[PDB]
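Presented below, as structure tokens, is a lone chain in the form deposited in one PDB entry.
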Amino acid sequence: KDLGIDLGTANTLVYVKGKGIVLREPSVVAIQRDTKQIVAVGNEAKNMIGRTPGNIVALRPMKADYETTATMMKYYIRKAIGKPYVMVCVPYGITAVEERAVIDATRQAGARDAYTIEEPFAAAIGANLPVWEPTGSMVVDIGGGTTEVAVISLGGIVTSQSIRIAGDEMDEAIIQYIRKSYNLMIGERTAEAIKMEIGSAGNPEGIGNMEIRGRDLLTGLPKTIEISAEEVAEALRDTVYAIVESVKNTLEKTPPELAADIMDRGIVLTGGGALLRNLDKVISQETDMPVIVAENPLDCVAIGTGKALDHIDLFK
């Protein structure tokens, strides 16, 4: 059996050729404070912390100990399943020493051999763009920690860019806007809920208002206020600008013929971050190019990592 593993910032997905996305579990680990050892991974850690055994702490490795990686991979590989060949999705900006570290750890986790794929190429394969044709295609993968842009043609990446401004950074910007605007400190969970509920990249008209709670910075005491979609859009302006610039910087680095094909096919957005309302419209208006959101934007990467198992030669 061959496995494709997308160990995301918050969510891990395992794909087994044949069965498809067999596993969906949080990118979470549970570590004994005293033994300083990984006691559980994924749902097992969730259950552990959920049973509250004490002396356990829960951590998300996010963006890296070779041991944490190898242990995590050991759990997801065994739970999903004579040893497997594993395609591991990696961010675009990954160095070669890091990429070798992922392979050794995956090999230590129980893989015959391991191969890596850049998230943008996987996202493109999962979103059914014609990656193998000599036509140019563009994918924008906006996750939690990273936004990654790439142009693909003939089973390779022509040009690509990565930025650390993405879904998490949208939440931060909301938190910072409310800190400055209302002298109120909200947490991550509330910031995420605001982005999901009333967040938008632009045209916040009709999105609505939300009551939120946080810590007043003068008094230290909890406080409830009303936040508008208009304000949240402003709070996300610069974050959205940054994403638009990387798309434009990638086009400026694209050959004309491929740049001309993308103007016809359009740009595909993948990743949970791409669910920010009207981001597709904003990027389209600023690029003068069709922009669409992929059909299954949260599973594209994992599906692409799974389908990449059929051309394992290329990644070998």
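We number the residues from 1 along the sequence you see. Rigid core: the largest C-alpha set superposing within 1.5 Å between the two forms.
In the deposited sequence, the stretch from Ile81 to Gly82 hides 4 to 9 residues that have no coordinates. The gap between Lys63 and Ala64 holds 4 to 9 unmodelled residues of the deposited sequence.
Annotation for 49-57 versus 256-264: the higher mean temperature factor (C-alpha) is found in 49-57. Per-stretch averaging of Cα B factors for 194-202 and 126-134 places 126-134 on top.
If you compare the C-alpha temperature factors of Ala30, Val247, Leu276, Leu269 in the entry, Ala30 comes out highest. Among the modelled residues of its chain, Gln285 has a C-alpha B-factor that falls in the middle third according to the deposited record.
Sort the chain's modelled residues by C-alpha temperature factor and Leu23 lands in the middle third, per the entry.
Among all modelled residues in this chain, the alpha-carbon of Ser162 has a temperature factor (C-alpha) in the middle third. For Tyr177, the recorded CA B-factor ranks within the lowest third of the chain. Only modelled residues enter the ranking.
The entry lists a Cα temperature factor for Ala233 that places it in the lowest third of the chain's modelled residues.
Not pictured, yet referred to below: the form deposited in another entry.
Only one of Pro134, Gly220, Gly156, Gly208 has its C-alpha shifted by 2 Å or more between this form and the one not shown once the core is superposed, and that residue is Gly220. Superposition of the core reveals a Cα shift of 2 Å or more for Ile56 between this form and the one not shown.
Shown in the overlay between this form and the one not shown, fitted on the rigid core, is a CA shift at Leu275 smaller than 2 Å.
When the rigid core is held fixed, the Cα atom of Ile31 travels 2 angstroms or more between this form and the one not shown.
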